[PDB]
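Two versions of one and the same chain are coming, encoded as structure tokens; call them structure 1 and structure 2.
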Structure 1
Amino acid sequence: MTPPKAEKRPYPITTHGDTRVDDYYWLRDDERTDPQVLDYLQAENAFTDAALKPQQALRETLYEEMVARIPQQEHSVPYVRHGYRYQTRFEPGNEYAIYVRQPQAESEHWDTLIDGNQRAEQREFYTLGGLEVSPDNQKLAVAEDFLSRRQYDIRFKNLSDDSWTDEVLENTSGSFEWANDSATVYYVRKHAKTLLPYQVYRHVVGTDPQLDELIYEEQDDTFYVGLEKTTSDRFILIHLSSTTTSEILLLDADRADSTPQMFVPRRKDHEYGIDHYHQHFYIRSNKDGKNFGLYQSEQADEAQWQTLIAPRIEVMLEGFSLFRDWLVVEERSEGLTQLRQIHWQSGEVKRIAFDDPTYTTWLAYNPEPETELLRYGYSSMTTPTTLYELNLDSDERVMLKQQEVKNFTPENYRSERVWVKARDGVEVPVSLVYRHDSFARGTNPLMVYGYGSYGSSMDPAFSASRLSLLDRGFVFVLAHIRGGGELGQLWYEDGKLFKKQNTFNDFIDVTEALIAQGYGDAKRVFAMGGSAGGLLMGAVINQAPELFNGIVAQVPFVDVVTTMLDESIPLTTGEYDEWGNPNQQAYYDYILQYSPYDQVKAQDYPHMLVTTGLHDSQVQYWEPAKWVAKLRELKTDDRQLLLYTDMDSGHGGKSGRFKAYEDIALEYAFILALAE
């Protein structure tokens, strides 16, 4: 009964002589210090509560259904690192993992490093960003988010007696490494207002952080500061990264007074990363090709890099792991992840087959290089997430664990890789899955999912929650659209900057091909995207509103032009080589044509559920809030338009193994009611 009507306070923004009027600009508050804002967000939540009350039963049915799939007890396969065996445990009803370990010689008794349920201690949000035991096995460092804004606290535990030290490192990125003395930690501090990771500090454990020494400050705010430690343990790396360009600095992990030593000075459009092992640096670099190569060197000097793997236009080299006798690399070709092993001596090459049309494989955690046992991951649209161990020499493979899914028989579902020819003749890969026994050409609701930014890939993986749609006749689709990484670096570059419109075109083209070929019911087409996938949702409903019956747009990036004009707002300065720099006229004009907030107009929009989190640090809460306000004022349809603001979460929604399914049940009930 009557949606809330945002206050209008005309706010002009002038760039290149173009004045845009933002009536809803006031919805932005930089602390949360304006009662007017909360009142709007609270009123939208009350309208959403009232409007979705009918589905109360169906939500609790789906919640209960999704929870019923999950083993209540869930134990990881143990591993051994520096004389200790480690395991991660959920016990019945637990929202968060318990991390335990024991001496390698021991079997009966395990010690608790940390209990997430104890640490979460009543709070609506908790994330362990990282935990790591000192090289001397005496101390534990943990990075925890208590709020959901990804401002990680770092704290330290004495493992001998399970006491905590007095100090906390605040507003960190959660990225840290131990010096080899186990007394010092290096860690990354975030800018107080932009939240950009920009400073490395040295901290002596057990001391006041006011005494922490600044080691490196990144002067160019288009870059991110991270920390890594090499396989050799000789170096802690300052990894400075941006869209286009890398630089690594070495810190001697064996010394207390290390200062950053330059590896290779930054060069525009040269991305590199390194490890150190067997006395050599191993470099993944795009110096000679966009799809990257792998290089070995005794020295930093780029002229000395020996080619191990030459860049191939057909193969994206993505990642690598170093063993005693084998190099193992993660590669992508024909839209599919593979792993390849190369013997350092014989140069013999072996590849890991998978015949599934619709899977992902990856290097899992391998704590020790001195072994012939590779642990690697596998998941598909039809096979739950699996941990394999491969003997690299004998080829024998053992399945260590497959995720148990209750109330599920894989033989009931089938998946396909389909190729869709886009409006410009370019072939776009699609992964889809459905329940065979309920499938009939032309009759099944479609759920089409896209992201398509940053060269991130929507790799086909198993979802247990997704069975709630598959078991009600849905065909679930991953559209591997340009801007994503699915076909290598050129696929990414062909969907950003002056090519970003290809992301949106590709998603429409895939959706129309699928309806034309009878995979979906033309009246029951749903789409979902989050964050950069929310940009996708926003652009496609402006451009092709009548295509979709209903839309879920999570933490959506929609105020593109205003956001990219403002260096004060988190992530802006790091994304000029993604969308463009709208201080430049060409970029301003190109981006304005798709910026969803700016292109809302008087037309019929599909049914829409917009979700955000008040603390969201990547897409600030006001973008979706403004976008809903402006949609409510101008839309000509009277279809559902709901805003759900979670007051106690951020970019990744509700924390907790079971709690997360509250958001998915709400989303899926909204879609299922429209598919009745």
Structure 2
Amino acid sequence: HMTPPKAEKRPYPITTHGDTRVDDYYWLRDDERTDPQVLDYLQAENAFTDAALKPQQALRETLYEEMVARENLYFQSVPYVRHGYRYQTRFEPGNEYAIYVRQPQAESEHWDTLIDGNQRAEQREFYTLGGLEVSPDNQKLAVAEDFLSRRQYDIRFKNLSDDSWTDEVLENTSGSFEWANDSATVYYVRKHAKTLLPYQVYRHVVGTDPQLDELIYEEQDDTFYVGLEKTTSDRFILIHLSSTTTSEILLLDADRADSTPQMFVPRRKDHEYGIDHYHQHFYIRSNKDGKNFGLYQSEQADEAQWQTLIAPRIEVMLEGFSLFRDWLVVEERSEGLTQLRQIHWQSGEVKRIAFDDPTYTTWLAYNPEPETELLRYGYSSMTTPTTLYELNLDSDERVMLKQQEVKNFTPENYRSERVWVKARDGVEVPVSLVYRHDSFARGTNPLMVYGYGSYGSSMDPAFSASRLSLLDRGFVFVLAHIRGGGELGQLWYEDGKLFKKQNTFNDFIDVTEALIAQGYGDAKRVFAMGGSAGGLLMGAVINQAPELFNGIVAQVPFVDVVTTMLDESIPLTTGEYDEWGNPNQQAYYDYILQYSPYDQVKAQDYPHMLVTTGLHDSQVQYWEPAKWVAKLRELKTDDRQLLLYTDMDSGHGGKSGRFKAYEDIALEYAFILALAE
């Protein structure tokens, strides 16, 4: 039917290591966002998408309404106790934002409002609450708020005695701050007034002129993120410096005036470590002896005095730990399962938290107080909605505290499986999939295969209410736990990045091929989705295995990989050399160029595809997907659907901003469901 937009070609040569690549759409990049010929192309593509998808409006409404009708109109957090006050988060119907309340622990009846997001958002274009913490003496409330949606937080202070605000604001912060134990001094992280990278730590006396704030630390390498932490003991505020590879912690005495940063262990390439302090010891999670991490105890900083509590094991990844009165609890991964283990400080007794589900995730929830036997931990599976449990560490009594509520949901209607696929190199790849039992017939069902597979981030199998809209229409939903993710620990990550990145894409194809071969789905109705580094995955897999998929959704996709990674002017590029590599080196240029989706678009048949991007707040800049679609329109040989949807809306932190997310899901699901009919 309709003629799609055709962007002007302006051949722009890029020569590196004597290799000339001609980019015809370089100009779709406009750092200023002025150039009206760029806006015209994004606007023209949006108009083409609106018109191509106009017949799916009814379906988009059915999908939107059934996703909203699953959730409650009310939300009340599980109350927690900190420093002798109980805290709860309250979402009322009609309100755009949460209300934050508290009471003294010995009180039940009355609750005080700490902060009402709705009052805070009045006469502002944007509101997001980045952070909320009462001073140790329970008299002052620090809040980190963003009124501009650029994630530059203002810190302000409220006197709880009379509900009056202090006069100052700390501006361009990360929203990361800590109270000294005097309830009068806060440390906070300033961002670079240009790069907006967190880089300075300041000390602020509450109520005073931010002008008088003392510079405590400045990070020199902008690849080291700067964060603040406070130890369980309350003895130290921690300046946490980390790149993707490498850590360094400085100690601030939280009890005394005029503290200066005390080196813990100075940074050293490929040594990652994080600490706490409790029972007069430092506890250190460190990879110094093994990539899967160990846990050490020390009386002091010096690495030579670190005593092994838990040695690194090749088969068990150590992800994190919480400290309690009588127990260490650790978060681990073994055999493609997340697990929780508890070790008694005195007896050394070991217990495992046991589950009965093939495709679940478990994690340490919020435990702000260490003087208890009660561990709170979270559970979710592809069939069981997200649940908060409280475990008596001594007695093993497990009580449910909260279940995710899902209306119109019958859990026994659904089945899940863990499957292992032998990848082309003999490596075993775990897969989690779920489906509706009564609409299943092998070789018959559409497949939606989801992947990410970068940064060591794991697509852990959990519940999705929205996912029910595909399950109840015959779809088999697949998580492909491909290399580049963290499902099998640090080695799974490292075998999916830099000179191993191709394994990410090979794993996704191998998994899809095996699932079809073994009868999980219809070979003619295989669909895939990924966002961001998941969009890199979508982009590489359709260049390399175009026939495998009927249809693809690629969200805010990283696709112009060589060009972006050659230009430090693009925010994120300086930070990402340890993921993809540095193409200013020919080894990385050649390795990255082989799979860079924009560069490897060729004149061949592609699947149906919906591509999304944003003009404003973005990881991947809008021009990558825009250039990608323009090149695909120019070379692809098929006559299938190719749509670019650019979000022009300015950003929304209210309940309506959650309802926008449901609208996007509905448009994407209606696109795939129309293709599968």
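In this text, the rigid core denotes the largest set of C-alpha atoms whose superposition between the two forms falls within 1.5 Å. Residue numbering: structure 1 sequence, from 1.
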Give the option from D521, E95, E512, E302 whose C-alpha shifts by 2 Å or more between structure 1 and structure 2; the alignment is on the rigid core. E95
If the two forms are fitted on the core, does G206 show a Cα displacement reaching 2 angstroms between structure 1 and structure 2? yes
Is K401 among the residues whose Cα moves by 2 Å or more between structure 1 and structure 2 after superposition of the rigid core? no
Exceeds or equals 2 Å, Cα of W164 between structure 1 and structure 2, core fit: yes
Taking the rigid core as reference, the Cα of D638 travels between structure 1 and structure 2 a distance in Å of 1.0
Rigid core superposed, the C-alpha shift at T222 between structure 1 and structure 2 in Å: 2.9
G653: how far does its C-alpha move between structure 1 and structure 2, core aligned, in angstrom? 13.4
